[PDB]
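Colleague: Sequence below, structure please.
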Amino acid sequence: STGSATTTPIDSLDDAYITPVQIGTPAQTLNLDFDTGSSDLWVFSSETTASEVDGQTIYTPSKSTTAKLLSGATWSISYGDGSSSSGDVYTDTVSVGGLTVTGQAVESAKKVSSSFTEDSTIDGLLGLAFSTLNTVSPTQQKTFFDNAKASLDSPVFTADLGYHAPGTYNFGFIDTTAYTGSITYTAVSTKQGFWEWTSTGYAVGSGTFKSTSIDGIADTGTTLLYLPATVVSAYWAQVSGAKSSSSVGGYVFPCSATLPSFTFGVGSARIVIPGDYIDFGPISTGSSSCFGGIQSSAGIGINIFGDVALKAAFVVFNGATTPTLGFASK
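Modeller: Numbering: from 1, shown residues only. Now the structure:
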């Protein structure tokens, strides 16, 4: 089997991407944030504290003839950005782009943090990291991909995120029309539960490539590109007037600037992030100070190849017995 679904930016900045997901019988379609940095499929629901729901579409398990309470199971997750959610668990039928999993754990939120409430466009998350990170207790549950894998034509999914435009998540096949040149594959460590790999270096604009190993994670659920302070300083030094602002929470730059591109290495291959992908717009409405899309990972504890990087590539998440990651230009 295969599946193919369009993923759409939630706003004009590509702050996140939503993908429609069918849950239950009859189907209830929710728009979920596919997140290769976590491993829980959780939804706003009829069980979510009413004051914490503000415009989201909810899953109502009592209206699904295939929903079953997973007795005694609870979940609770905290994300890198400080947000969180928790609740109980159902199993139900879940379909993405025509690919169906029966008995998928659907984690129903009883509580969500303010950041989730305040984002009316995201109805929940669909985790695509390794199932070892799943938070369900006392019996850990598998991700949608893990459940689908054996049925797929090939044990892979691909992320093809758009810049200010829709893109695609495919399951079970590689669309050879969706990228240019070849896909370069690179090793993955699953030791921390992530799609963790090592970039071979970087360049800023038309500058020379610096060969240096940068360990980080391919994370569709993180907006920005978080890299070591040395790398980030070298980037922003090429933008007149750019500075790190402790009050704002990162590098800012004059909105009148033209940003240089940023290149990262995948083996001997190179992925170029155009400068415009690095512009996250005014820090507050009407400001002429703009927020940068490349930020320091210092104090995160890990480098994160988030959407800013991934949307410059066609990315293969290869879930073979020994997982790997593939990157192509597009």
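
Colleague: what about the longest helix in this structure?
Modeller: helix 229-236 (DSSP state H).

Colleague: helices and strands around that helix, which ones?
Modeller: For helix 229-236, the packing partners by 3 or more Cβ pairs under 8 Å, 6 or more residues apart in numbering; DSSP states H and E come out as strand 196-204, strand 250-254, strand 294-296. For every residue, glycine as well, the C-beta is placed using N, CA and C.

Colleague: and with 6 Å instead?
Modeller: strand 196-204, strand 294-296 (3 or more Cβ pairs under 6 Å, 6 or more residues apart in numbering; DSSP states H and E).

Colleague: Any idea which of the ones you listed gets closest to residue 227?
Modeller: Distance to residue 227, taken as Cβ to Cβ, is lowest for strand 294-296 among those, at 6.5 Å.

Colleague: Sheet partners, orientation included, of the helix or strand following that closest one?
Modeller: Scanning forward in sequence from strand 294-296 by DSSP states H and E, the next helix or strand is strand 303-305. Applying DSSP bridges, strand 303-305 is found paired with strand 210-218 (parallel), strand 225-227 (antiparallel).

Colleague: Tell me where the stretch 51-200 of the chain has helices.
Modeller: Ranges of helices in the stretch 51-200 of the chain, per DSSP state H, counting those that start in this stretch, are 114-117, 144-148.

Colleague: Take these and write them to CSV, including mean neighbour count.
Modeller: Listed next are these as CSV, based on neighbours: other Cβ atoms under 10 Å:
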stretch, mean neighbour count
helix 114-117, 18
helix 144-148, 23
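
Colleague: Would you format those helices as JSON lines with distance to residue 226 included?
Modeller: JSON lines is the format used below for the helices of the stretch 51-200 of the chain (distance: least, Cβ to Cβ, whole Å):
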{"stretch": "helix 114-117", "distance to residue 226": "18"}
{"stretch": "helix 144-148", "distance to residue 226": "24"}
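
Colleague: Looking at these, spot the one closest to residue 126.
Modeller: Proximity to residue 126 (Cβ to Cβ) singles out helix 144-148 among the helices of the stretch 51-200 of the chain, at 6.0 Å.

Colleague: that older thread, if you compare the strands paired with strand 303-305, which one is most tucked away?
Modeller: Each of those was scored by mean neighbour count; the highest is strand 225-227, a mean of 27, by mean count of other Cβ atoms under 10 Å.

Colleague: Could you pull out the buried residues of stretch 89-102?
Modeller: With burial defined by 16 or more other Cβ atoms under 10 Å, the residues of stretch 89-102 counted as buried are 89-97, 99, 101.

Colleague: Let me see the residues that make contact with that stretch.
Modeller: 1, 3-5, 21-24, 61, 64, 66-70, 73, 103-108, 136, 144, 147-148, 171 (Cβ atoms under 6 Å, 6 or more residues apart in numbering).

Colleague: Tell me what the residue nearest to residue 315 when sequence neighbours are not counted is bridged to.
Modeller: Excluding the flanking residues, the one nearest residue 315 by Cβ to Cβ, 6 or more residues apart in numbering is residue 159, at 4.6 Å. When bridges are called by DSSP bridges, residue 159 pairs up with residue 169, residue 315.

Colleague: For residue 159, give me its contacts.
Modeller: Residue 159 touches 169, 220, 315, counting by Cβ under 6 Å, 6+ apart.

Colleague: Now do it against residue 193, distance only.
Modeller: 18 Å (Cβ to Cβ, to the nearest Å).
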